[PDB]
Structure formats: structure tokens, C-alpha cells
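just coords:
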Ligand SMILES: *[C@H](O)[C@H](C[C@@H]1CCNC1=O)NC(=O)[C@@H]1CC2(CCCC2)CN1C(=O)OCc1ccccc1
Ligand SMILES: *[C@H](O)[C@H](C[C@@H]1CCNC1=O)NC(=O)[C@@H]1CC2(CCCC2)CN1C(=O)OCc1ccccc1
């Protein structure tokens, strides 16, 4: 028992991280087979970072303008292209440590592990959610761009995030590995802002089931609710709507605990209306929304990866 | 910016995990050079787990009673010995993936990353503290024994914990890698219990400095306190005493923020006496004590490992 914000083991991704330098800019790249993926803002200069024209900026570059370092071994670039907001650096050596992998574009509400990196060297790993407003509340400093977010399914690394920038509220924005930003953000230093966020309702409910699986029961009640009536309360506390789909995904956890999904919605309603009154759930004094129903089942069941 | 419960990259440890089977018991071992380290309770039977005599139990074993699997490759045991509560299985093959490593026995209050494993296969990584009462609040199921806790310093893995058991409150107990339990616990199924825990004061203060570094300032005040007077308040809220040593370790963070250590103790006092009054610090509605001063500096500065 116990319940922790668990990240995936990071070894398969660590073996893929490299340093990319262009001009006076250094950041991280992701080396898979003979291609290095990194944010295209690496070709930006400190002068045109307000409204850069990246096609224009890239056609001026040569392969040798890109310094790629994998450990203490220099990778030679033999080609470059840009796909949306990511640069693809073709190198003459395929990464022998390339795991089985996929690129996936996740939905808001989904979680992933971030391997934070500086100078192509990993600093730490932590678990994130894609917020409903398409930011992530990460931990990123200067130099962390090109660090990736990912999930693992048995032996396969699904890459889902690459870090590009920090917004004025201190939250973070980035792209999928094909370079499409999550949310309305753009890779120029303009007046963007996160947009109103909401709490991921289906995840809160998952975490309440995690609590029950682990012996916290104090928040349960005998009442129930309809899905419509629950969503009327959710709206007013800035929770996102719960769909019949969400109810269905919560099926297994409902079945394991014996607590109908709508019954747990009724507990969530009372928690929203009364607060927690000095008590904690799974070591938290807030309702936690960065565990998906899948995350809860994986951790409470002991699923491994290889 | 941002502040997350960050674990060390787990790749160096993943390459060391193996499965150890003895009789009807399977758990994890740690393969470093030609030795596999695992909990000695692997030789226990479901009959004598109340008061087992492990010397007696071990002298009855042969090498071939131990099945060690590294991936899908069987490791042959050519010798065994017991050191305190860990078994050392000598195998005929040195782990080519052996990192540079040390064994260290940590003090309560110190943090480490846990690579949770089942059947020699990693499940997840998360950050822990050694509680003052020498338990850890982990996430461990059947089969997780032999999962290790660790820190990394540049290129060197310092192993500090190996998981052995779960206590009736759902918290966890284990040993250092030389098999000495942390705390008064013993590897038999008797009437042990965790003992009263306390909050790690120096770590709470570190995390308040993390908050200031990241822009949370609402909890600061103009007052100050003496170390004695602070500790009078700490005692009553079940915080452990703050020593001049702790004050000294908090030096760098004090210097970076411009907030004297005793000034931040005065904020902590008011937080203890008034609660947080609906506000959060670094996304938490509780005072967080599982970040050491070192953890804060590492994350807010961007230190990497290689
Ligand atoms: C890549 O290493 C950084 C990561 C930032 C630095 C602070 N925290 C982070 O996550 N990315 C950027 O600095 C990014 C590059 C930029 C150039 C043109 C388009 C994108 C501007 N930018 C950015 O995040 O600007 C906002 C910012 C900058 C510094 C500090 C806070 C916020
Ligand atoms: C090793 O895989 C397990 C890990 C436990 C299982 C539940 N959560 C965990 O962390 N260790 C044990 O089961 C451990 C072995 C034992 C045999 C003789 C000495 C030690 C008994 N024991 C243990 O933790 O007992 C308490 C317990 C058992 C099952 C469920 C909850 C608590």
C-alpha cells in the first residue's frame, strides 16, 4: 500500500538525450535512430525573438552551424529540416540506445513523466498532467528546452511533450514531438497567457478511488447524485464536466472498490461544498487531479515495464 | 521556475535490477559487479515467518536453491552469504551495467529516490524521505521487496535503502544496503509499530525558501525569532528541534533570498499558529517536509548528473 506521485523509469529516455548548440544557444535534443529532435527556437538570435521568421532563419543555416554532443562524442549533422515547431537534425550515426518508441499527441487531463535535462544531461524526473488550458506546471530553468515528456507501455516509450517555453505565470508550454504546440501558444516572445484553467474532474475521482483502495474512507457518504446534478456543482467550483465516457473509464476502479461512480461523485460534491475540515486524503489537503484512472490502477496493481 | 517532487533519473539503477526466487518467494535483487543483494527474508517459508532463525535457515540452503533472473537470462549462483538482514548471492557474471556506486546509511530527514520493482522489472520512480521515526511513506505492494532507494552525485549512485516490509499503519521499513534496518524494526512478523513521527523542520524551512525563490511570498512577515523561542513553538506542533547545524545548512538559501534563517523561522511559527487560511504554497495546502536544503538548491539551480 501507499500512494505516490510516481514517474515512469527514465532509463530508456536518458539514453536518448543529447546537447544541441546553435550560435549562442544551447538546449537539449532527442536522439532516436539517426535523427535529433529539438525546438526550432534554437536557431533564434537574442535580436529577433519577438517575431522571428523561422523559414527565413533556417534557410540561412548550414549543417555545420549545429553542434550536437552525445556525451563527450560529437555527432555530425548531415541534414536538417523543420516540421512545425521542431527541428529535425539528420546525423550520420544512429543512436544504438534507441528504444522502441512512438510519438503521441495527448489530450488534456492525461499525465506523463518529464525527464528534465540541461546540456543533454538529465537532472530529474517527475510526473505532470497536461492541464485543461494546455499548459503544464513543470519545473524548468534556462537550458531545459528540448526535455521531453513521455509514458511507457510495456517496452515502448510514447513521447508526448517537448519543452519550449515558460509563460508569465510560471507555467510551461511546449509541443508534441511533431512540433505542434499544445494550446494556442506560439514560439515567439509575445503577450501570450495561459487562459483559465480548470480541475480535471475524472482524475480527482480516480484519486478518491486510490484513497479508498488504500484505506482512506472518511469522505464517503450514503448519498448519491445524478450526472447532470453533479455537473451543476462541478461547474461552480471550476471543475470540468464529467462525461459518460469518464464514468465508463472509472468502471474498473468502481468495480474494485464496490463504490458506484455516481456515489463517488456525491462524495466529491460534499468535499467541494464543505472542504476537508482539517483532514487529509492520501497525504494531501487539496483534491489532487494529476492521477488518471490508468495511473491509479497501474500503481495499485503493480504493473511493470520492460 | 516551478517546483516539483523530483526524483533522480533512474537509468543507472534500472540496469541493476534482477529477480531472485527461492522456494515459493520471488522478490527483487540488486546486481552490482558479481554480487546480487536482496532481503534475507527471501529464504523464509510461510510457516516460520513469526520467529525465523535465519542462520539456521540459510545453512540448509544450497546455491542452486536461488534462482536469479536478469531479464530473460538466468544467473548462476556460485556462493551465498548473509550480512545482517541482506543476502549476498555471488554469481558467475559481473553486471556489465554496474554504475559507479557507494552504499551509504542516511540520517532521518534525508531524501532519496525509490525505484519500485516487481519481478526484477521497474514499475516507477518517486521521491521519499526517511521519516524521523525511521519509516518511509512509500508505495509498495507484494513483490516489491529488494527495490532500492538511492541518490546520485554526478556519476555515482549512492544506494541507501532496500525495501523489506510494510508495517500495520501502511508505512514501510527496510535496511541500508549492508542489511541494517533503519529504526528498531526486525524482519519477522511480530507486533512492531512505527513509533511517533515528527515533521522535519529544517526541510519545511528549505521548502519555504524554495517558495520564495519561485515567487510565493505571502507567508513572509516582518517579525523574527530566537532559535530557542522558535523551538518552543516547534515542540508543541510536533516538529523536530532546529539545531544551529540546520541553521548553517540553510545558509546558502538564506543568502540567495536575502531572508535570514531566523526570519524564516518566524514565518513558519505564524504558519503553525494560524494555519494557511485557504492559501497554498508551491501547490500544497500543507507544510511540505520531504525536500532537503540540498534538494531545493539542486532543483532551483539545475544541477545534472552524468
Ligand atoms: C529553453 O531552455 C527555455 C526554457 C525557459 C527558460 C525559463 N524557464 C523555461 O522553461 N525557453 C525559452 O527561453 C523560450 C525561448 C523563446 C525564444 C523565442 C520563442 C521562445 C522565449 N522563451 C521563453 O520561455 O520566454 C519566456 C521566459 C523567458 C525567460 C524566463 C521566463 C520566461
Ligand atoms: C516484500 O515483497 C514484501 C513487501 C510488502 C508486502 C505488502 N507491502 C509491502 O511493502 N515484504 C513482506 O511481505 C514482509 C516479509 C516478512 C516475512 C518475515 C519478515 C518480513 C513479512 N512482511 C511484511 O511486510 O509483513 C507485513 C505485511 C504483510 C502483507 C501486507 C501488509 C503488511
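Looks like it came in fine. Numbering: from 1, shown residues only, chains lettered A, B, ... in the order given. Ligands and ions are numbered 1, 2, ... in the order given.

Report the secondary structure state of residue A:190.
Following DSSP: H, G, I helix; E, B strand; the rest coil, the label given to residue A:190 is coil.

hmm, I was thinking of residue A:208
Here residue A:208 is recorded as helix under three-state DSSP.

From chain B, how far off is it?
From residue A:208 across to chain B, the span is 16 Å (CB to the nearest CB, to the nearest Å). Where you see a C-beta, it was placed from the backbone N, CA and C, and this is true even at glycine.

go on, residue A:97?
For residue A:97, the distance to chain B - CB to the nearest CB - is 10 Å.

check contacts around that residue.
A:15, A:16 (CB atoms under 8 Å, 6 or more residues apart in numbering or on different chains).

Surely residue A:25 and residue A:42 touch.
Yes. Between residue A:25 and residue A:42 there is a contact at 5.3 Å, judged by CB atoms under 8 Å.

Between the two, point out the one with more neighbours.
The residue with more neighbours, out of residue A:25 and residue A:42, is residue A:42; 22 against 16, by other CB atoms under 10 Å in any protein chain shown.

Hmm, the more buried one is touching residue A:19, no?
No. The pair residue A:42 / residue A:19 is not scored as a contact, 10.7 Å apart, by CB under 8 Å.

which neighbours do these two share?
With CB under 8 Å, 6+ apart as the test, residue A:42 and residue A:19 both reach residue A:27.

Assign the nearest residue to residue A:7 once chain neighbours are set aside to helix, strand or coil.
Nearest residue to residue A:7 in three dimensions, chain neighbours excluded: residue A:113, at 3.9 Å (CB to CB, 6 or more residues apart in numbering or on different chains). When classified by three-state DSSP, residue A:113 comes out as strand.

what's near enough to touch residue A:113?
Residue A:113 neighbours (CB under 8 Å, 6+ apart): A:7, A:8, A:10, A:125, A:126, A:127, A:128, A:149, A:150, A:151.

Pull the number of nearby residues for the third one.
Residues near residue A:10, counting by other CB under 10 Å, number 29.

quick one: it and ligand 2, what's the gap?
23 Å (CB to the nearest ligand atom, to the nearest Å).

In this structure that residue contacts residue B:9, no?
Yes. Residue A:10 is in contact with residue B:9 according to CB under 8 Å; the separation is 4.8 Å.

what is in contact with these two at once?
A:115, A:122, A:125.

Just the closest of the residues you listed to ligand 2, please.
The nearest member of the shared contacts of residue A:10 and residue B:9 to ligand 2, counting by CB to the nearest ligand atom, is residue A:125 at 22.1 Å.

Would you mind confirming that the closest one is in contact with residue A:114?
Yes. Counting by CB under 8 Å, residue A:114 is a contact partner of residue A:125 at 6.8 Å.

Can you check which residues contact both of those two?
If you check residue A:125 and residue A:114 against CB under 8 Å, 6+ apart, the residues they both contact are residue A:7.

and residue A:91, what does it touch?
Each residue near residue A:91 by CB under 8 Å, 6+ apart is listed here: A:31, A:34, A:35, A:36, A:68, A:75, A:76, A:77, A:78.

can you map out the helices along chain A?
For chain A, the helices defined by DSSP state H cover A:11-14, A:54-59, A:201-213, A:227-236, A:244-249, A:251-257, A:261-274, A:293-301.

ok, residues contacting the shortest one?
What it means is helix A:11-14. Contacts to helix A:11-14, defined as CB under 8 Å, 6+ apart, come from residues A:99, A:115, A:122, A:148, A:150, A:152, A:157, B:9-12, B:14-15, B:122.

Recalculate using a threshold of 10 Å.
A:30, A:97-101, A:113-115, A:117, A:121-122, A:125, A:147-150, A:152, A:155-157, A:159, A:305, B:9-15, B:97, B:115, B:122, B:125, B:305-306 (CB atoms under 10 Å, 6 or more residues apart in numbering or on different chains).

In PyMOL, select just the buried ones from the residues you listed.
Only the buried entries of the contacts of helix A:11-14 go into this PyMOL selection, using 16 or more other CB atoms under 10 Å in any protein chain shown:
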select buried, (chain A and resi 30+97+98+99+101+113+114+115+117+121+122+125+147+148+149+150+152+157+159+305) or (chain B and resi 9+10+11+12+13+14+97+115+122+125+305)
